[PDB]
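J.: Here's my sequence, what's the structure:
(6 chains)
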Amino acid sequence: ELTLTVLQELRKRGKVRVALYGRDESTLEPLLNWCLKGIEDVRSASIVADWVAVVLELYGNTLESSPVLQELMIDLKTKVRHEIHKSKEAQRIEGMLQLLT
Amino acid sequence: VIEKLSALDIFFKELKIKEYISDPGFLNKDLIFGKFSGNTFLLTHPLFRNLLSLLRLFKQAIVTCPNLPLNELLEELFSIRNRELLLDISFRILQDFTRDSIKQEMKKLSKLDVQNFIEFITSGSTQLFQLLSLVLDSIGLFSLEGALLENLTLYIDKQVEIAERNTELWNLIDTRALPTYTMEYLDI
Amino acid sequence: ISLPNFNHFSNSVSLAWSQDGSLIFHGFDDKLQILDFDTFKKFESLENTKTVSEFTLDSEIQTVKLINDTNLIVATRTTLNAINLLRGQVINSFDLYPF
Amino acid sequence: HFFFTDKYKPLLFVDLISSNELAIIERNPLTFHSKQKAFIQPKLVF
Amino acid sequence: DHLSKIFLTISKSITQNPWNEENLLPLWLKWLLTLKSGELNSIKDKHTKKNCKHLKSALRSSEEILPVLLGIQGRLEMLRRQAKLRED
Amino acid sequence: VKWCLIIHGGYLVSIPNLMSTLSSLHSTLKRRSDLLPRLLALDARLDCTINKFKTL
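T.: Numbering: from 1, shown residues only, chains lettered A, B, ... in the order given. Structure data below:
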């Protein structure tokens, strides 16, 4: 929750581009480690989505040149398809709640 | 204006010869009597007797009629003419009435028209899909065919695959120095 | 909570409140609603003296204000109308269009 | 007629290896082997 | 700019058939966007971009359609399980 | 939850206060459905750049 708060306040006060300008792979990887820990949470997913979107749109080709960050994107794709399935089944359960009311 | 309507500026002259914010502000400041005497100008008055409105201008009413009842509205909806009236009256009922009122009205509604509507949508629009949600929640759980369930199942499955792929396409359109040895050419 | 879900959207919305807390006027675009407070339903009158809870108007309603339990002035985007509440009879009307 | 190119600003040695094959012998002094830690004077990016 | 003309025809045909069950035209649009998006954005400023906002409005309508569809999908799965318990 | 609704749906038809008895379920499920579309936008950007660096 404390990392969530400081993420929120950095995104609110400043912009995430100036937050992520002079990054290399070794300082990109703890961000993404925290992402793989915390995208699964209901409260933070939109904020983490903003942050990973701006860092990918900045670091498009450095993603190619650095190999292990590619593997981070692969397992990120796997777990985010897991959340795809979870949220879609959730909308299904909401539809059957609308049936039962 | 009342005397002109009884004996029957632009609308007044038109009515006298036949016998719209500005129009509304000039002819809405008696009105019930004028409407009764009236029942073009009717279209303008609609823009500005729900049973009469239902018995009746069809397009003008289904977009801009002030008073419209759920029973005749669902009867005109389950008329399977389908001149885009499905989307039109679906938007109209989702604009005008509440989901529980539509639920109890479709509980009142006979099951044969429900089955015909399900067959029509599965054979040949988020308002329409919300109407399918509503009609499922009004029929409940017991009386519904398994074969029609499977047809609606394959229909909804192919539609949700194309909806997913469509959303991904939508967001997709929403989106050192030289090496240690190279071989390069030169001009003259 | 009274929760409809209208597919359309127009923020020209307002509400007024009867001084004893009995009913709620609701000025919506081209529509006047009267809401019971005990159940958040329309004003169901068993006598059916056409003091109904659904009134048609010409344009988007801006204000609906009751001065007491008897007089209601509504200012819609083209005009103003002053009506009674014990009886559903119109009294006054004035144009707002040219200004 | 003559020419001069500005594509090779660091260069140790230029010669003809053969009939036409040239040798341009450049340098990568800072980016490769020194990696000396510089004083952190950041540019105000915004 | 044959790829740009291809993109024009693909966008127009996709706007004309928003609910076409085929996949070859959307995957062509997929590959063309995930390959050459920046030069696509710098082709033209008026007509191709008007086609882009038209198609984006249509696909946003499809996005509005999607969640209710998921809801009825869940309703149908629940009804299928109810039918199974009716059999047993 | 799916099996609860499946095997005891009719009792939830007979109960009068559905919102009052499953406010928390409806809240969590509504939160997940709210997280859905921005997540799918993330997925589109993700496999966009993923296939981009896969081809180059």
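
J.: From residue B:113, how far out is residue B:59?
T.: Applying C-beta to C-beta, to the nearest Å, the value for residue B:59 to residue B:113 is 22 Å. All C-beta atoms are positioned from the backbone trio N, CA, C, and that covers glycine.

J.: cool, and residue B:156?
T.: Distance from residue B:156 to residue B:113, by C-beta to C-beta: 20 Å.

J.: Those two: which has the busier surroundings?
T.: Neighbours were counted for residue B:156 and for residue B:113 using other C-beta atoms under 10 Å in any protein chain shown; residue B:156 has more, 22 against 16.

J.: For that one, which non-adjacent residue is closest in space?
T.: residue E:73 (5.2 Å; C-beta to C-beta, 6 or more residues apart in numbering or on different chains).

J.: Check for me that that neighbour belongs to a strand.
T.: No - read with DSSP: H, G, I helix; E, B strand; the rest coil, residue E:73 is helix and lies in no strand.

J.: What helix or strand is the spatially most central residue of chain E located in?
T.: Ranked by distance to the mean C-alpha position of chain E (C-alpha atoms, centre = their mean), the top residue is residue E:59 at 5.5 Å. Secondary structure assigned from DSSP states H and E places residue E:59 in helix E:47-87.

J.: what ranges do the helices span in chain F?
T.: F:2-7, F:9-14, F:18-21, F:23-55 (DSSP state H).

J.: likewise chain D?
T.: Counting by DSSP H, the helices of chain D are D:29.

J.: Strands of that one, start to end?
T.: Using DSSP state E, the strands of chain D run over D:13-16, D:22-25.

J.: where's the spatially most central residue of chain D relative to residue D:32, distance?
T.: Residue closest to the mean C-alpha point of chain D, counted by C-alpha atoms, centre = their mean, is residue D:10 at 3.1 Å. Applying C-beta to C-beta, the value for residue D:10 to residue D:32 is 11 Å.

J.: swap in residue A:65?
T.: As judged by C-beta to C-beta, residue A:65 and residue D:32 stand 16 Å apart.

J.: Let me know how buried residue 17 is, in neighbour terms.
T.: Since you didn't name a chain, this refers to chain A. The number of residues near residue A:17, taken as other C-beta under 10 Å, comes to 13.

J.: meant chain F actually
T.: Residue F:17, neighbours per other C-beta under 10 Å, totals 8.

J.: The host helix or strand of residue B:94 packs against which elements?
T.: In the assignment (DSSP H and E), residue B:94 maps to helix B:85-96. In terms of contact count using 3 or more C-beta pairs under 8 Å, 6 or more residues apart in numbering or on different chains; DSSP states H and E, helix B:85-96 is assigned the packing partners helix B:58-64, helix B:70-77, helix B:126-139.

J.: Report whether the helix or strand following that helix contacts chain C.
T.: The first helix or strand that comes after helix B:85-96 along the chain, using DSSP H and E, is helix B:99-108. Yes - applying C-beta under 8 Å from any C-beta of the partner chain, one finds helix B:99-108 touching chain C at residue B:99.

J.: Now helix B:99-108: buried residues?
T.: B:99, B:102, B:103, B:105, B:106 (16 or more other C-beta atoms under 10 Å in any protein chain shown).

J.: can you redo these as TSV with distance to residue B:65?
T.: Output for the buried residues of helix B:99-108, formatted as TSV (distance: C-beta to C-beta, whole Å):
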residue	distance to residue B:65
B:99	21
B:102	18
B:103	23
B:105	18
B:106	21
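
J.: Go through the residues you listed and name the one nearest chain F.
T.: residue B:103 (12.0 Å; C-beta to the nearest C-beta).

J.: residue contacts, that closest one?
T.: By C-beta atoms under 8 Å, 6 or more residues apart in numbering or on different chains, residue B:103 lies in contact with B:134, B:137, B:138.

J.: do the same with residue B:57
T.: B:42, B:43, B:46.

J.: Give the buried subset of those residues as a ChimeraX selection command.
T.: Applying 16+ other C-beta under 10 Å to the contacts of residue B:57, the buried members can be selected in ChimeraX as follows:
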select /B:46
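
J.: Flag every residue of chain C that's near chain E.
T.: Counting by C-beta under 8 Å from any C-beta, no residue of chain C is near chain E.

J.: Closest residue of chain C to chain F?
T.: residue C:1 (8.5 Å).

J.: Sticking with residue C:15, tell me its helix or strand.
T.: strand C:14-17.

J.: burial count for the residue in chain F that chain B sits nearest to?
T.: When scored by C-beta to the nearest C-beta, chain F has residue F:44 as its residue closest to chain B, at 3.6 Å. Residues contacting residue F:44 under the criterion other C-beta under 10 Å number 20.

J.: Might one say that it is in contact with residue B:164?
T.: No - checked against C-beta atoms under 8 Å, the pair residue F:44 and residue B:164 is beyond contact range at 10.5 Å.

J.: Could you measure from the residue of chain E at minimum distance from chain D over to residue B:87?
T.: As assessed by C-beta to the nearest C-beta, chain D sits closest to residue E:38 within chain E, at 22.9 Å. Remark: distance between residue E:38 and residue B:87 (C-beta to C-beta) = 38 Å.

J.: what's the nearest residue to the residue most central in space within chain C if we skip its chain neighbours?
T.: With distances taken as C-alpha atoms, centre = their mean, the residue of chain C nearest its centroid is residue C:32 (3.7 Å). In space, and not counting its chain neighbours, residue C:32 is closest to residue C:55: 3.6 Å by C-beta to C-beta, 6+ apart.

J.: Which parts of the one helix or strand the one you found maps to count as buried, going by neighbours?
T.: Per DSSP H and E, residue C:55 falls inside strand C:54-56. Using 16+ other C-beta under 10 Å as the test for burial, strand C:54-56 gives residue C:55.

J.: Strand partners (parallel or antiparallel) of it?
T.: Partners of strand C:54-56 in the sheet, by DSSP bridges, are strand C:31-36 (antiparallel).

J.: how about stretch A:44-51, does it reach chain F?
T.: Yes - Stretch A:44-51 is in contact with chain F by C-beta under 8 Å from any C-beta, via A:45, A:46, A:49.

J.: wait, the second one sits on residue F:38?
T.: Yes - here residue A:46 reaches residue F:38: they are 5.4 Å apart, a contact under C-beta under 8 Å.
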